[PDB]
Structure formats: structure tokens, C-alpha cells
Number of protein chains: 4
Amino acid sequence: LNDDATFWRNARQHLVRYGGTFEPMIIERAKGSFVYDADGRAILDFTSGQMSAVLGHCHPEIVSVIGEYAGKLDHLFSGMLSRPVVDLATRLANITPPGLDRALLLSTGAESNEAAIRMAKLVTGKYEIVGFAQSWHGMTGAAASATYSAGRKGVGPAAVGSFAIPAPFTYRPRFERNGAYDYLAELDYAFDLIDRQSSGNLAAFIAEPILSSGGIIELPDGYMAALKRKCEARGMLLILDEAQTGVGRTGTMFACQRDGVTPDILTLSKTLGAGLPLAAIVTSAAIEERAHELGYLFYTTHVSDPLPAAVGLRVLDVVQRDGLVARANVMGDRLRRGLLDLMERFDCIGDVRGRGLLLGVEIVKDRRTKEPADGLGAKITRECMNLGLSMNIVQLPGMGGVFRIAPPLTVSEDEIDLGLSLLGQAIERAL
Amino acid sequence: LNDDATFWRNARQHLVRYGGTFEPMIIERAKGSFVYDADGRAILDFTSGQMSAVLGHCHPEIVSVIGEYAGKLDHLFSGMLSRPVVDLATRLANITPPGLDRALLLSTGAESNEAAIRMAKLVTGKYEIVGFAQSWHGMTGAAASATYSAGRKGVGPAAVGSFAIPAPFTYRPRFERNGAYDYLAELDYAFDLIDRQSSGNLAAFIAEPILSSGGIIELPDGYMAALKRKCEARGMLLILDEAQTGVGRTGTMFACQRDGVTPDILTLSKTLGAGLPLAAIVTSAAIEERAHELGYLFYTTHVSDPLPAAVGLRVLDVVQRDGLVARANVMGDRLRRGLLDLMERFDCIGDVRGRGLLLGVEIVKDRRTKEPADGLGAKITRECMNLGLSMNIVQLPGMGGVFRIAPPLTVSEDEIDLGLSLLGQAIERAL
Amino acid sequence: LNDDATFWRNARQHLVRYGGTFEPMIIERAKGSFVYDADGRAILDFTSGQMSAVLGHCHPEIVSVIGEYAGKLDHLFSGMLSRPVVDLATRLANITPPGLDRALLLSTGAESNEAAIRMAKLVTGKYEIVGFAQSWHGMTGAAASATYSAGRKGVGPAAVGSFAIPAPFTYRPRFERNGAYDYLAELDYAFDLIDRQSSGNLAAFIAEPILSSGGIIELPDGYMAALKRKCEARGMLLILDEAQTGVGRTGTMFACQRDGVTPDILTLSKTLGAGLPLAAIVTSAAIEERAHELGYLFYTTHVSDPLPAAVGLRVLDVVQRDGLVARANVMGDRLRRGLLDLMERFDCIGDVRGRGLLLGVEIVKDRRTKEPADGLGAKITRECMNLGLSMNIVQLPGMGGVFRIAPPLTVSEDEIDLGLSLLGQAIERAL
Amino acid sequence: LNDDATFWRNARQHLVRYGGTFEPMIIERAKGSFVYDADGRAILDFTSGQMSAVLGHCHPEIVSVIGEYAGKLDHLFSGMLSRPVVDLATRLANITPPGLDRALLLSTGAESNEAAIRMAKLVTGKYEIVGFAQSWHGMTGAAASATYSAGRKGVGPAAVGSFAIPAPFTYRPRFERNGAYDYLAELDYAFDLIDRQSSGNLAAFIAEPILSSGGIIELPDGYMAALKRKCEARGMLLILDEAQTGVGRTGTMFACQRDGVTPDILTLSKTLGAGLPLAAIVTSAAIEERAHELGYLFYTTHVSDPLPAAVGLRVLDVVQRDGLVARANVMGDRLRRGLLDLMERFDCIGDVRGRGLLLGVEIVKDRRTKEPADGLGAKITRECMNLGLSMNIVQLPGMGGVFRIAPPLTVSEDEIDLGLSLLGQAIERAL
Ligand SMILES: Cc1ncc(COP(=O)(O)O)c(CNC2(C(=O)O)CC2)c1O
Ligand SMILES: Cc1ncc(COP(=O)(O)O)c(CNC2(C(=O)O)CC2)c1O
Ligand SMILES: Cc1ncc(COP(=O)(O)O)c(CNC2(C(=O)O)CC2)c1O
Ligand SMILES: Cc1ncc(COP(=O)(O)O)c(CNC2(C(=O)O)CC2)c1O
Ligand SMILES: [K+]
Ligand SMILES: [K+]
Ligand SMILES: [K+]
Ligand SMILES: [K+]
Ligand code: NA
Ligand code: NA
Ligand code: NA
Ligand code: NA
């Protein structure tokens, strides 16, 4: 039983609490789209862990690779190159759109964003960073300063030159021009204000193609193109944070491919390492060249370590070989349609959004007032788990609670059906 | 041969340069205190990789453990607990001095320092951070703002409330009271200045017990005790960064044990993961309790992931079981004495310092003027490698180039002898 | 002649240029609504100098008072009180709305705003300051950080916690809700964004009732009431900068009286000193009490000096006795109607706005496209002067050039007519 | 009587308290080196008001000049030049050392320092400002950020890039090299630390030749020369704040003349206006030229107003004509010797320092322990006033209370004797 008093005594006694609450089970094993508790109860992992288990838990190839290098080439002095590092860097260049040539292989998402923000600052000679008011880039210094969905209070001033602009949210529109929600005019309006505040040091804009932590908010048609233009006109770099959207999850290898807009710096992390700590930034030869001329520095312990890189290489290997990107579209459509049927049945579902296998379900009280359902989400979230479905809802100011659904790209048709099943029972049960 | 033109073409074409230069070899394998090149040439790893390979490369137990969990329990939603996390947290409490009770398991050193600085800020309601002018805590935002040995230029303003004080450097003394280098008076003097500048928001002091990147500078007798008092008197937390000094390297399990001063927050990383990306902060129950009351947040992708934690657990397991801490003292003494004999032979060696298996050798021109040897270090560094010895020199303003020596705690007596050998030949050859 | 080569040689050789250009005349004398050049040519001062000559130039009573104290009580140690200081402080309490009780008598407008911002920061324990993107509060540190109409570039980072929101500009509307320019919804929208960026340290909002430098932009009906509510809800003080609007210029003694909204801190300066350097802040007994408890400090050389204070006292004396406030309404109506007749004649006049004797005329090219007239303003401005009328146009991004008209409250009916005359001739001539 | 209950009721009811306490008298008149109370009691003004009454109170020539322009040329639009402005600017160029050519005429000391700091920032393209830990430059934003003797707490973060270094204080030495107080080595030591913290954006150093608020601390021989070199080597401007030292007070027209070191920007204020609000910055033609090219802006209400400028012109006129500079040396010597005789009599006088008519007397308990006399100063200060002598003591951390003595340069021999008399009686009485 998960009721181990010794276990719980120790957790309570010696663990730093870092946000949220700990689930009241002891996870003993993981395999595929499932995690198993102390009792052996299977919990369908509909969030891919912390949205990282792209190939699901303990993928046989991952296991082989890990063991493979665990005992061959593990960690090295950061000035030393090895084959998995060069092969991974080469692959990343090869699969990203034209204009992205060179990579830096790191350990975490926040770290990847910090490396990119630092590079943007060096190269422009400027320092003000612009992000979305609903963004999430990490907990570390720069990454945090650019995070507005949470964490900005009680911890001192943010980085000097921190600005946010509102993200375009079609479900809950707030800017109109002739009865219509003009998200492009809003963008213009937002930048005018920025221009007036700036000290003349705009260095970059950082963005998620789809704001996950933010509420599964997809940037609408033509927006990214418009944003890049705004950056271009001001001498700013565009940094795209694809921690959650990269590596096939949305149906394209990279979210920026769908829009056809290639950023100046691309960051990857969660999906790339497939549960392991690996991250990266990819930039153009030109930007890297200037950063170099200028003495760019981002020297860490694990930068360019062979093991994680070797892991990243195999992950891309199987995503491509198993056509997991297309898969994401087909399973996504199946999962998406199911959610819509649920929305046909329950008035508590106000919106179903997202792309590929990065979906969101926004819970409301009045499916006309679009009033956030106070506590209903937590209840639902609660019943799912009883029911054996791991979910994750996010609650932000002014919106309804949002369920973030992101199962492994390896998820089965039966597994998708299971989740839909359980979700309905959880709903009817929580109401 | 390491001369693979394809390999080198790809590195050049697709790798972001991040500091320093890449060694001109292709590392194919690693095992024990050695790394092997494309030709199979063995290079004695005298820096333990990036100072992380505590049990040396590909330790059989590490390999077992990694495989062991790679296919059992890998990555999880951050709200889910598992046994390796709780066992590791418990162990850390158990082996650290009294007053350190709760741990947060992360991925990188910089991340560990950020988590601690953030917590210190939350708990005090303040934000100014004090570090050493020769410090090194990482490349990320907060960690960088507190790093003064390098990286502060061309990348915009530092974090608001950033101050440094000079570190006590006995080799190159700069503060005197009655003909004597009074490092305590210097400390008093440094704090008076701080007091005058502060906005009344001093939150914490962050320090390395031994400044590695800084030049292998050991805080002299009674200093840490004096510093903690200075912090105590001002309502500041003391954060000790033991990324390089923790896990037995200096001869005690933790460097703070030797002085007998226990910090408010302890950070670990490099040595803890043994080449893998794992890091941690340990704090007191009281501080964690207040952080909690206050809504502390440090929620990341890999926080509390079982695999790395399981790795950390085994590392501590073998350090204790194989008495690697004592070992560090005995091999250190052997390595230390050898360096002293070299210093008997060569006038270019001005100082041999450090503790246990964290040693430094400062190169000079006039062993009386203590004038930094311009380029001699690089030459030496160069000859070592030809000779088959991986070394690392650090060059800071106003000091001589310093070799940072830190071989695995598993290093053999013969391996230590080998290194000394090669080092002398490299010296006589570079002069 | 103004052509004095010696004079011009010296100006060129020894004057620091501080913005704009120097008029090419030598002003020898001033009296009433006129300034006289080297040739004796009378220039009708339609801007009251730098918008300060409230009683016009060299008012007989001002002259008496100045002489009167120049030789009786001049300057004192700042800890010493005298009668004019106490009488002025008492008067200010007496003529401001209920809720404003205590005054601090200073020297400049920027200084007055700094004193208020500092007090707001002390009292709230917070530091982020919110202003209008088209604001003008001064050139000094804090006052500058809160100024967005200009001066933010090439001079380093602004004060930490600096935010701006768009000012409601009815002529050039930019926020709509059902075909209508909803300036209140815009206000709501602006504050939501603020909320998301803030570090939880909002201290105050600073505003001009009518943005002078900004383009003679009057806050529309119900706005100030809404803004104060926004401040109230967030624990922020409302600071009203009436440097240009105070002392009767707009038709009420203080602009805040018209709206009926009394700020937490009121600042005055330009009009108060009537050309002389005197300024003030007035706050509530409660706020002053807390500032005191907390050790408020704003100790300067001229704070509480009798001479300027004695000047300020007489200025209020004659404004009240001569009913200059009502006068402002009657002469304003006359001046206003004239401007409207001009706008009937010339398509280049797109808007006539303002209140009392604080009027603005916005120049455009297409009185339908409302396109800013490129250079026409400068031409007009140029012809006026030839014609003998001192005017002042302000050119801001996205708007047409705006003439800021503000003649002495003592201006005559004939003088108003003269100005209108000259203005038409200048127009017909510049086209 | 000063006991006017109505007066005191009003002061209490309507005055903002701004630091210190209000003297319990009502100053009715001033003339020469005296201020008179409600009862007609003469108080010898030994601080020249707030250290501004250079020609003493209500100087006949000042009175004439003020009246003279009060009714001729008063205040003007800031783009308009007049003769007193050009004559004053010309004079300043003419009497300052070679290398100072152009002036900007403002209203306050803080404003003058802000104008200079802003200009330094524009011209260097940098922003970090370095000052003395015991400095006093004003209460406004930038000026405050550079002030370390007080006011840094409870009012939010200082300006980004604010650093201080210790001022050389010979009475209380703290840095030694071979038993000797090496203030130059201290300076070197201070700059090394600065170098390590800086973000590579050092713009200027701001300093008082003699720190008044700081405790009458005179920069020792060769220091300024060394400091300018430190600035020169780093591309920093040297800003000299002579608010208290300028216009003859120290025995030379400007304090920087004695050392022979001419700063890049010179600021003046207190003494210049002789009690009235006038201030200035003087810079080199080259610096002004670059500031201009770059769009320097420091446009205020009273910049270039004829009245104050006309006042400043007459002040310089009589200082030169009456040889008040030499006078300062002769009366200073008389005042200085007297203080030394007092120090012969009382063990409570630990030090007599300063230059010309800018003197300081540091009170101690143990004239061997040099222990600050706790409360004795306030008592003395108290008895002086009873006795009819206005004094001003400053109490800073780690030093004894310091009396700041600065009587008008017009002070009489009898007046100096009177003060010495009263001071001794006050001492013997307060002990
Ligand atoms: C005391 C200390 N603290 C933190 C760090 C940063 O850890 P990461 O590089 O894993 O984030 C280092 C290492 N610094 C490097 C070095 O060896 O110089 C890797 C660069 C460290 O030594
Ligand atoms: C777009 C994006 N960028 C960076 C990160 C931070 O990565 P790390 O947590 O590994 O540093 C997240 C994750 N954020 C969390 C979430 O799922 O809410 C883990 C907290 C991310 O989504
Ligand atoms: C060197 C120096 N620089 C600037 C100033 C500020 O000038 P203002 O007070 O007129 O703005 C002072 C005065 N400071 C005070 C003092 O005598 O302590 C008036 C407070 C000054 O001494
Ligand atoms: C609302 C408001 N607040 C403060 C100030 C600054 O006052 P000072 O210039 O006397 O310090 C102005 C004036 N600004 C100027 C203008 O007319 O544009 C003089 C420049 C002001 O209008
Ligand atoms: K590495
Ligand atoms: K996790
Ligand atoms: K005063
Ligand atoms: K003026
Ligand atoms: Na590519
Ligand atoms: Na412990
Ligand atoms: Na009132
Ligand atoms: Na000169």
C-alpha cells in the first residue's frame, strides 16, 4: 500500500515543498503510457510525466542507449568533444528549418532559455526582454524575469528591462476593431506602448508557439509572422521556446514549421530528452559567429556531455523512423474529437483547443458567461485520479481552469479511448 | 585518427562555441581515471571531467543503477513521489550536519544556487545578494549576478542588489594591520562598505568554501565563522555552494564540516551526480517551513525525477562504503607532497594549495615577485596533453595562472604517480 | 539690434545647449503679457514664459513682495521657521480640497514630484511607479523615470519598477467596445497588464490632470474617478501633478476640484511661484504622520526659505482678490471661441482642446485623415514670431504638432484678440 | 515672543516634517551674519543659513540687483536668451580653470548634479556611477542614488549601477601599508573591487572636494590627482560637486584650483545663488559638443531665467571686488586658531579640520580612544543656541559628532571672536 508510514514520515520530514501538493501514492514503476502505484494500480499518464515522456516511460530503445553509453562514454570536461554531441548538433541542424545551423546542448529548459537570452543580449548590445503576460519559461533568473503566468511576487525585483504584452487569446477576446477581435491591432497597440517605455534597448522577444502553462493558448493565424516583423523592425531577435511544442507533439516536427516563421534562436528541452535532462538552443551561423567574435560564454558542467546527447539522438531517431509526428496528428484528431463529444454532453466544457497531442480543455460554469468553474476542475482532477487517469489543470487569473492534456506520441488508440472514458466518468461524478 | 575531417566539418558547421576552445581529439571511451581518444590513446583525467566524475568514468555500480532504473522508473510528473527521491532526501539529511533537514533535488549547479537564492529572498522579504569578487556560481540569471570571476561584461545589467566583497587570499595578501595580513579586519572593512551601500535589503551571502574557478582559494581559519556572524547580525542567510567541495573531495563529507560552521542553505551538484545531471539544496526545517507558508515555488521538469535521484543515492552509498572520504585525504597527501617536490625543482611553481583532492598550483615567473607567468601555463597545459594528462588552468586578473587538479576519489596510487611524472616532464619541456 | 555679435559669440562659446534651439533675439525687458527685444519689439507672451508667468511679467505686487523680503528675510537654515512659510502652508491647506492638510515648500516641479514619489515609496513600503505614456514630470532621476513623452533614450536604465499605461486621448482613439471608444475599458485593460507584470510592489500612480507636454490631453469625464479606484484597490497612492494646471489656469483653483477627486499627494510649482522658483507638495495629515513615523527625509537648501514662500503667498493673494480663476474661464471662452473661428477658416486645424487658459491646437494635413502636418507647425510657429507672437508647438509620435497656448490669467481682452489676429495671419502666411 | 500659539498651531497642523526638528523660535529678520527672533534676539549665523548666505543675509547689492530685475526681466520661455544668462555663463568660463568653457544655469544643487550625471551618461554611453560612502549630493533620484551618508533605506532600490568607495579619512584611518595609513593604496584597493563588479559600464565618479555632510572630510594631498587618473584610465568622467566648496569658501575661488586638478564637469549651487535658488554645471567645449550631437536634454522651467542669473552675476562681482576669497583665508585662520585654543582647553575636541571658512570640529569622549561623544554634541549644540550661536552638528556611523562651521565670507573679526566666545561657554556649560 501507498500508506507506508515510514515513507510518508520521511517525505514530510526531509523534503523541501516546491509548489503544489504531493500526490498521495508511491509510484513504483513506469512503462508506456502508464505509471504504477505501490499497490500496482495503473495510472494512465496523460501528461507524459511533466510533459516529457515523448516515447512514453522506459522506451526499450532509450533503455538500450542509456545503458549503452552509461558504461562507455559518460561525462567529460566541457572542452572535449565526442561523437554523440556532434551527431546530435548535426541532426538538429538537419531537421530544423533553414536558417538554424548551430546548436548548444544543455541540461534544462530554463537553462536553454537563459543561454538564448544571454546570446541575444550579447549580440544586440541591448538588454530589455519582451514576453507574454501568460508565459512560462522557467524558474531561473532570466527565464523567471520573462515568466508572467506566475512566480513574480515576494521574491524581489525582476531583471531590469522586463516587459510583457498580452498574448492573443481567441476564447476570451479583449481588443476589438469593428465588432471584431482584432488580434493584430492588439499586437500593434501592445508594441506602441512598449516603444514608449523602452530605454532604446530592446534585445529580444521570447515566446512559446503554444502557451502551455498559460492555458493552452495557440497564437492565431498570421500572428507569429506579424510578431517577427515587429522584432525585425526594432533590431530584436525572436526567441522561440518550444520546450513543450518541439519534437512532434503538435503535429509538425517543430511548431514554427506550421506557421512557416523561423525564429532567430530556437530552444528545446522537455521532449528532446524524453524524460532525461537534455536541452538545447539552435541558432543561425551568423548569430553564432557574432556571439563568438564577442566572447559568448555559457560554460557549464554538463554542456556537451555524451550520455544525454546520445539519448537525444536516439529520440529523434525513433520519432522519425516511427513516424510519430504524423501519429501525433492522427491520435490527436481521435483524442480531439472525443473531447468534443464530451463537450456535447457536459455544459461545463467551454472550450477544446490546442494542436496535435497538445490539447487543452477549459472548464467553465456558464457556457455562455464563460465563467470559470470554481473548484469543479479540482474535483474533476480528483475523480480522474481515483479513476486511474493522471491529469493536470492550470488556474490563471480571469480564465477558467484548464486541463493540459499531452500523452506520449506512442499512445495507443485503446489508451486514448480509455482516457476519454475515465474523463467522462470523472466529470459526471464531480458534478 | 582524431583527424576525421567529416567529424570536424560538422563540429565547425553546427556547434555553438560557448567558451574556450575545443580539444583537438575525439574522445571515444572513458573508464576509471582515463578518457581514450580516437586512436585509443589514454588521457589521465586529472579534473574528473568537468570536476564531476567522483567515482571516475563509468563506475560499475553507477552503470548498474542507471540501467536498473532506466527501465523501471524514469521520469515523472513533478507532483509524484517515488522511493529514490525520498531515500535520497533522507540520506542527505542524515549525512549533513545538524540543522540541515530538508532537500530539493534538481538538475544543475546553477539551478541549485538559483533555488537557494530564491528561497533566501522569499524568507527574508529582501533581495540584495553578497558574494566574493572571485566567485563562480553558474551561468543562469541569479547565479550569474553573483558570479564575479567572469562573465559580467557585455550582457546587460546584473540583478538589482548585487554586491561583492574581496575573498581572503593568503598567497596574495592585500589588507594589513601591524605588518600582518589581517583577513578578519579585511572582512570587517568589506562589510562596513556593504552596510553603507545597501538599501536595507540584505538577503544573503553566497560562498564557496574553496573558490575553484577563483583560483583554488581556501577560506582561512576562523573566516567562515566570522562571516556567518556578519550574516547573523544583519538578518542574512548564509548560502554555501559546495558544488566542487561536497561529497568527500576535500577530505570531509562536506567542506563546512571541517570548519564546523553550518550554513542556512547548502547547495550540491557536480560531485553529487557523479557526471550525471543531479543537484540539490538542503535547508533547515524552519526555513523550509517559512518558505512553504510563503508559497515557495521551484517547480521544474526534472525536480524529483527518480533516475538521477537513484543515481545520487548509489554515489553516496559507495563513497561511504569504500571510505572514499578518508581516501581523499590519503591520496591527497600523496598528490600534495609530489607537487611540493616539483616546486622544489621548478622556480615556476609559486604555490601549492587546496585541500584533500581539490588542489591548486599557481604558476609564476619570479618566485619572489610572484609575477604571473605569461603564457607558461598554456604551454605547460599544452605539453601535459601531448604527454597524456588532462589538466585545467584558470587565469584571473592580478594572479598567476592556476592549475586546478581534482582527480577521482577512486584514483590509484600509480595513477597519482603517473600524473606527477607527466607533470614534471611537461614542465621541464615547456620552459 | 539683436544682432550683437559679442553677445552671440559668448552664447555660442560658453552656453551648454539643453534642448531645442535658442530664439534669435535678445530679450531685454518684460511687462504684463509682453517681452521686448533688443530693438524694443513687443512679443506677446502666449505661453506665460515657460508657462509660469501667471500674473504676467513683473507684476507690481510681486515686485513689491520680492523687494520687501529681499532685504528683510531671505534664506535660512532649513530647521528654522519663519512666518511666510507657515502662512503659505496654512493657505495651501485652506484652499485645497478637504483631505489635503500639510505642505512641503520646495524649489522646482521635478523636485516636488521627487518629494512626492519618495514619500509614497516610504509610506507603502513599495517602489513601482505608474505614469502615462505621454507624461512629463521633470528631468531629475525619479521624475524622469516617470516621464514618457520624451527623454528615455541614451541615458541608461530607468528606475526599477517603472511602468506606463496609455493616456485616454479622445481625438485619436485606439480602444473600442461596440463601435465606441471606451476609455474606461482601456483603463481596465491597461491595469490588467500592469497587474501581471508587477512584482507585487505598486506604490503609486502619478498623473497630470491635463497632459501639457503630452499634447494638451484632458482626462475625460469619469476617468480620474476610475483611476483613483484602481489605485485604491491596489494599496497605491494617487499623485496629481498640477504644475501647469494649478493656481486657476484651468478655471478652478485646482484641476482636481472640477472632477471632484482629491489625490493623496498634490504637487504644484510653475504657476505657484509666478516665474520664481517655488514648488510644493500637499498631502493628508495621515500620510504625513506615517511618513514622519518612518523617518521621511527631504532636506534641501531652499526648503522653507522665506523669500519664495513670501512670493507664493502674494500670488495666491491676488489670484483670489482679483478673481483670476473666474477670469480664466471668461478669457478662456473668448480665446477658445476665436480658435474655433480659425478652425472654421483653415482646414489645417484638426482640433481645439483644453480648459480655461490651458488650450491646445492640434495641426493636421487631412482634416479627415487627421494626418500630422509635417513641418507646417514649425512654419506657423515661425511666422507667429515674425508677427510678434510667442508660441510653442509640441511634436509627439503618432499625433499632429500641438500648439500649447497659455497666456497670463491677467491677459486683456485686447491681448487675446491680438493673438488671434496674429495667429490667423501666421497661418494664412505659412500655408 | 516666539511662543505664538497660533503660529505653532499652524506649523504643527499644516507642515510636512522633512528631517530633523524645527527650532523653537520664529525668525523675523536677517542681516549680515545674524538672524533675529520674534523677541529681537540676535543669533549669530555660523552656518550661513543652509550654508548659502555667502555675502551674509540681505546684502545691499543683492537687494538692489533682485529689485533691479524683479521689475525688469523676470522669467522667460526657456528658449529665450537674455543678457544676465550670457554674462553669467561667460563669467563662469572666465573664472574657472582652463578646460571648463560652457555652463548650464539651473535652480538647485541636486538638479545640478542630475544634469551632470545625465550628461556623463549620454556622452559615455554608459551608466554606472561611483561616489563616496560618506557623500551628499541631493534628494532627487540620481543625486540620491549617489548619496551614501544617508537616505538610502526604506525608499526602494537605488539607481541601477550605483557603487561607493570609502572616502580617505585621515582622522580615522582604516587602511595600512607598513604601519602607515596609505590612502592611495586604499584608493587602488577600492578600484580593484569596483572593476570586478562593474558590468563594463562605468560612466563617472562624483565627488565633493571636501565632504561636508560627510563630516568635513578633506581629500588628502595627491588624492584627487590619483582619482582623476583612475577615471581617465577607465573612460569615466570626473564630476566635482562644489556646492559647498565653490565661490571662495575654502580660500580659492574653487576647491579644485588648490589641487590643480580640473574635473570634466563642475557643479555649483548653494554659494552661487547666495541664498537664492540658482545652480550650475560647467563643462568643456568638447563634452558639450558631444552631448549636443547626441541630443542632450535638460529643459526645465527655470533654466536660463534672468533674475537668478542676474543675482549670480552680482555675487561673483562682489566676491572678486571685495577680495572675499583672500578674506576667507584670513578669517579662516583666525577662526581656525581659536578652535585650536578651545581644543587646548577641552578634551572633548578631538579634531579641528577643514579649509578656509569651511571648518569642522569633531567631538569625542576619549581624546585617545577617539570615541564619539554620545549626546554631548546635541547638548553643546543646545547651549550654543541658548547662548545665541546657530551651529550644526552631523552624526555619522563610526565617527564622533561633527560641528560644521561656515560663516559668511563677510563675517567680521568681532563676529568670529563672538562665536569662539559663545562656543567655549557652550562647551564648559554642556559638560
Ligand atoms: C562552485 C560552482 N557552482 C556552480 C557551478 C555551476 O554549475 P553548472 O555548471 O552545472 O550549472 C560551478 C561550475 N562551474 C564551472 C567551472 O568548473 O569553472 C563549470 C564552469 C561551480 O564550480
Ligand atoms: C515553455 C516552457 N519553457 C521552459 C520550461 C522550464 O523548463 P525546466 O522546468 O526543465 O527548466 C517549461 C516547463 N514548465 C513547467 C510546467 O509544465 O508548467 C514545468 C513547470 C516550459 O513549459
Ligand atoms: C555637496 C552638496 N551637493 C548637493 C547638495 C544638495 O543641494 P540642494 O539641497 O539645494 O538640492 C548639498 C546640500 N545638502 C544639505 C546639507 O547641508 O547637508 C542641504 C541638505 C550638498 O552639500
Ligand atoms: C506637469 C509638469 N511637471 C513637472 C515639470 C518640471 O518642472 P521643472 O521644469 O521646473 O522642474 C513640468 C515642466 N515641463 C516643461 C514643459 O513645459 O514641457 C518645462 C519643460 C511639467 O509640465
Ligand atoms: K561536459
Ligand atoms: K519530475
Ligand atoms: K532653507
Ligand atoms: K526659463
Ligand atoms: Na536547419
Ligand atoms: Na543533517
Ligand atoms: Na484642504
Ligand atoms: Na575656464
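Just the heavy atoms: all of them, side chains too, but no hydrogens, waters or symmetry mates, feed the values below. Every number for a ligand or one of its atoms is a count from 1 in the order of the listing. Chain identifiers are assigned alphabetically (A, B, ...) following the order of the sequence lines, protein sequences preceding nucleic acid strands; residue numbering begins at 1 within each chain.
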Q) So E114(A) and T140(A), side-chain hydrogen bond (donor to acceptor under 3.5 Å, both in side chains) or not? Walk me through it. A) CA-CA 8 Å; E114(A) 294 258 0; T140(A) 67; 2.6 Å; yes
Q) What do the steps show when you test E232(A) against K228(A) for salt bridge (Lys or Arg N to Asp or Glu O under 4.0 Å), and what is the final call? A) CA-CA 6 Å; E232(A) 288 176 0; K228(A) 176 66 151 89; 2.8 Å; yes
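For the Na ion (ligand 12), the set of nearby N, O or S atoms under 3.0 Å includes one belonging to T96(D). Look at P97(A) and the Na ion (ligand 9): an N/O/S atom of the residue is under 3.0 Å from the metal. Look at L100(D) and the Na ion (ligand 12): an N/O/S atom of the residue is under 3.0 Å from the metal. Among the atoms of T300(B), none of the N, O or S atoms falls under 3.4 Å from the K ion (ligand 6). Within the coordination shell of the K ion (ligand 6), defined by N, O or S atoms under 3.4 Å, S78(B) is present. For residue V282(D), no N/O/S atom approaches the Na ion (ligand 12) to within less than 3.0 Å. One of the N, O or S atoms belonging to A93(A) lies under 3.0 Å away from the Na ion (ligand 9).
The K ion (ligand 6) sits nearest to atom OD1 when only the N, O or S atoms of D305(B) are considered.
Residues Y296(B) and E288(B) bring no donor and acceptor atom of their side chains to less than 3.5 Å of each other.
With hydrogens and angles ignored, the 3.5 Å screen pairs a side-chain donor or acceptor of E111(B) with a backbone N or O of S107(B). Side chain of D264(A) to main chain of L238(A): a donor-acceptor pair is present (N/O by atom type, distance under 3.5 Å, no hydrogens or angles). A donor-acceptor distance shorter than 3.5 angstrom exists from the side chain of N2(A) to the backbone of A38(A), with no hydrogens or angles considered.
With contacts defined as side-chain heavy-atom distances shorter than 4.5 Å, the pair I26(A)/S82(B) does not qualify.
The O atom of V303(B) and the O atom of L76(B) subtend an angle of 150° at the K ion (ligand 6), given to the nearest 10 degrees.
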